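Trainee: Let me begin by handing over the structure; questions about it come next.
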Amino acid sequence: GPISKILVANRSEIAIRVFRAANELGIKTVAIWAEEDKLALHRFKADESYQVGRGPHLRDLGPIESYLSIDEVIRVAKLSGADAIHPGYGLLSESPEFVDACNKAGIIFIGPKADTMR
Amino acid sequence: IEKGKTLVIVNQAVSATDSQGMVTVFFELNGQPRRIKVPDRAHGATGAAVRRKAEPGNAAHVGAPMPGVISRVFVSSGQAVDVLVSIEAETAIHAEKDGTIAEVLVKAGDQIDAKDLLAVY
Amino acid sequence: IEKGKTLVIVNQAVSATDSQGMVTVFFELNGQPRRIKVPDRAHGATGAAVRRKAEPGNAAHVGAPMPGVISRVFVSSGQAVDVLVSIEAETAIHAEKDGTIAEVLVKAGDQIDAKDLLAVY
Ligand SMILES: [Cl-]
């Protein structure tokens, strides 16, 4: 099945840049946000958004730490039903461990394969 | 409001009751200012929203082009195409057509906002 | 007020607007306290004095025997000679006659004063 819901594992302008492309393609979008990003516009630009890094399921992760949590990102991808993740740039975009976790969850990693990265 | 649609709401400020019996709550909603007016029912303002309110359509309605306080009313029953009221911020609001005005909702040394209904033909 | 009749007037206190849209100015007049209520027209309370007001005459009128807040309303259209409302300060105001009540001016968790009109037969 072609990609129909993308979670952007990122924030700020790159997350918005990817939401725009996805929406233009008719693809659903999912944002993530740390508590510190509760007012960040990228989260209001996706079709739905979910907090990462805080809660009963943890300590509170730091502002940037929340976005580097492979476990949190995968949790929200499953929760939202995202079938692909775009890592944008920076953050987890060159983590083979992250690509591996995506592969394990059956979620498409939008970028090169894990072995390519290593 | 639904799953994945979380609003962040902050109470920034609450105004004094205004001359219309309305209190403005200045909210921040998802980071953006939103002003919401409600009647001050607590202080006896049930029956309140007060000032109409011009319809951009009709001809009929004399709507304020701008916010201010009215400085002079020049009319209360009909003529020409003539200064009807002035607004200080003085302008100088003219009748757009021939007619008989059948209502003057001002008033004034009254404060008004653009689109408030000033007079009706 | 006339030659040899000099009043001494002091503004002692001005209340917040109350639930009826009225402000109380507590004056001292010739050394004696006098409370005077006016509408808070400045905040949109033109149309205000609000609560009637029982006539000691008629039968007809259910007037509050005492000041308080109403705690329960037990009625809105007619019976017996029965608790109509209660007032907390709970009392316990009874119907004095047989009838059908045709108005309940309360209401309440409303504050009232002795003589306020509670209900009309
Ligand atoms: Cl951090």
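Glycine gets a Cβ as well: all are built from the backbone with ideal geometry, and neighbour counts include every protein chain shown. Taken together, the values in this text are just the output of simple stated rules run on the coordinates, not laboratory data.
Trainee: Considering only the range B:12-49, state which residues are among the acidic types (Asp, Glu) and within 14 Å of chain A (Cβ to nearest Cβ).
Mentor: Going through the range B:12-49, the residues among the acidic types (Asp, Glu) turn out to be B:18, B:28, B:40.
Answer for the range B:12-49, where residues must be among the acidic types (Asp, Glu) and within 14 Å of chain A (Cβ to nearest Cβ): just B:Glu28.
Trainee: Say we look at the range A:68-80 and pick out the residues that are away from chain B (no Cβ under 14 Å) and either of a type in the set (A, V, I, L, M) or part of a helix (DSSP H, G or I) (or both); which of these is nearest to the ligand (Cβ to nearest atom)? Even if it seems obvious, please write down each step before you answer.
Mentor: If we filter the range A:68-80 for residues that are away from chain B (no Cβ under 14 Å), which is where we start, we get A:68-74.
Adding the requirement that they be either of a type in the set (A, V, I, L, M) or part of a helix (DSSP H, G or I) (or both) leaves A:68, A:70-74.
Values: A:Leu68: 8, A:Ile70: 15, A:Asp71: 15, A:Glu72: 13, A:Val73: 15, A:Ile74: 19 Å.
Step by step, filter the range A:68-80, then rank; the result is A:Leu68.
Trainee: Residues to consider are C:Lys97, C:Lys115; find the one that is basic (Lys, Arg) and at negative phi.
Mentor: On the way: C:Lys115 fails: at negative phi.
On inspection, the qualifying residue turns out to be C:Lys97.
Trainee: Only residues in the range A:46-69 that are among the polar types (S, T, N, Q) count as the first member; pair them with residues that are within 8 Å of the ligand (Cβ to nearest atom), Cβ under 9 angstrom, at least 6 apart or cross-chain, and list the lot.
Mentor: Listed pairs, sorted by first residue: A:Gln51/A:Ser66; A:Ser69/A:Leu61.
Trainee: Show the residue pairs that are 6+ apart or on different chains and have beta-carbon atoms under 9 Å apart, the first residue being within the range A:4-18 and assigned to a strand (DSSP E or B), the second being hydroxyl-bearing (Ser, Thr, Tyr).
Mentor: Close Cβ pairs (under 9 Å, with a partner that is hydroxyl-bearing (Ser, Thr, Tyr)) amount to A:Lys5/A:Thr29; A:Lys5/A:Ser80; A:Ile6/A:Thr29; A:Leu7/A:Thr29; A:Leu7/A:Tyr50; A:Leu7/A:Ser80; A:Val8/A:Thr29.
The rows are residues; the columns are (1) aromatic (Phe, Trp, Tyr); (2) farther than 20 Å from A:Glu97 by Cβ.
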{"site": "A:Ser12", "(1), (2)": "no, yes"}
{"site": "A:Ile27", "(1), (2)": "no, yes"}
{"site": "A:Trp33", "(1), (2)": "yes, yes"}
{"site": "A:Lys38", "(1), (2)": "no, yes"}
{"site": "A:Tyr50", "(1), (2)": "yes, yes"}
{"site": "A:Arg59", "(1), (2)": "no, yes"}
{"site": "A:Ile70", "(1), (2)": "no, no"}
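Trainee: In addition: Could you list all residues from the range A:37-67 that are more than 16 Å from the ligand (Cβ to nearest atom) and exposed (fewer than 14 other Cβ atoms within 10 Å of the Cβ)? Step through it out loud before you land on a result.
Mentor: Just the residues of the range A:37-67 that are more than 16 Å from the ligand (Cβ to nearest atom), to begin with: A:39, A:41-50, A:55-57.
Within the range A:37-67, A:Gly55, A:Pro56, A:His57 meet the criteria.
Trainee: Identify, by number, the condition in (1) within 16 Å of the ligand (Cβ to nearest atom); (2) touching a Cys at 6+ places or on another chain (Cβ under 8 Å) that A:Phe109 doesn't meet.
Mentor: Single failed check for A:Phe109: (1).
Trainee: Do we find a residue being away from chain B (no Cβ under 14 Å) and either touching a strand residue (DSSP E or B) at 6+ places or on another chain (Cβ under 6 Å) or assigned to a helix (DSSP H, G or I) (or both) anywhere in the range C:2-11? Steps first, answer last, please.
Mentor: Taking the range C:2-11 and keeping what is away from chain B (no Cβ under 14 Å), we get C:2-11.
Narrowing the set further to residues that are either touching a strand residue (DSSP E or B) at 6+ places or on another chain (Cβ under 6 Å) or assigned to a helix (DSSP H, G or I) (or both) leaves C:9-10.
Yes; the residues of the range C:2-11 include at least one that is away from chain B (no Cβ under 14 Å) and either touching a strand residue (DSSP E or B) at 6+ places or on another chain (Cβ under 6 Å) or assigned to a helix (DSSP H, G or I) (or both).
Trainee: Let me ask another. Looking at (1) away from the ligand (no atom under 16 Å from the Cβ); (2) at positive phi, which is the one condition that is false for A:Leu91?
Mentor: (1)
Trainee: Turning to a different aspect of this structure: Return the residues of the range C:12-50 that are polar (S, T, N, Q) and within 27 Å of C:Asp116 (Cβ to Cβ); say none if nothing qualifies. Give the steps one after another, and end with the answer.
Mentor: First pass over the range C:12-50, keeping only residues polar (S, T, N, Q): C:12, C:15, C:17, C:19-20, C:24, C:30, C:32, C:46.
Scanning the range C:12-50 gives C:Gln12, C:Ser15, C:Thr17, C:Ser19, C:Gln20, C:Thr24, C:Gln32, C:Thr46.
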